[PDB]
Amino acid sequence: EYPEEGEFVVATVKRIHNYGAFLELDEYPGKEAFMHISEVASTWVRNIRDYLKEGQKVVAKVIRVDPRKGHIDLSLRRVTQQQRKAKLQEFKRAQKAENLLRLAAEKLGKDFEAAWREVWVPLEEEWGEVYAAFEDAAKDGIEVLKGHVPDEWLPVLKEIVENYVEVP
């Protein structure tokens, strides 16, 4: 429901004020975060608009998170090249996993809310990254998922991962 302190997130700039911006988090639907003017760049920022446009997509670090109040603070300056690159790879792999899962759902006649609840959530909890679950299944057999997801998902998840996810 909320990201963790130190997590990198994809976010979209929604509003810009003189000393900060509000962003919506792409991976946490409807969750908004603040980005203070002092976290926008490693040099001094005179005008935020020199760095942010409404609608712009950004990788940002989570610097403060208060779940009881639902406050989230982000920083753009603290993200390194390497961290941007990793997060972006990880985001693109989450789009694959989701597409793979939508396909398995269509094949099995389950709606997407079910696929999320029966496959996505538990796989994310356990491997940290759903694509990683799939990578394990590709390397060692679909049985690695046995126990985490309903048995009826195994045959079709098996066909899809075997044909679409490379062993690392």
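Residues carry their position along the shown sequence, with the first being 1.
When 26 to 34 is weighed against 129 to 137, 26 to 34 comes out higher, by mean CA B-factor as recorded in the entry. Annotation for 56 to 64 versus 103 to 111: the higher mean temperature factor (C-alpha) is found in 103 to 111. For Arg93, the recorded CA B-factor ranks within the lowest third of the chain. Only modelled residues enter the ranking. Ranked by Cα temperature factor within the chain, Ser75 sits in the lowest third according to the deposited record. Placement of the Cα temperature factor of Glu143 within the chain: middle third of the modelled residues, per the deposited record.
Split the chain's modelled residues into thirds by C-alpha temperature factor. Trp120 is in the middle one.
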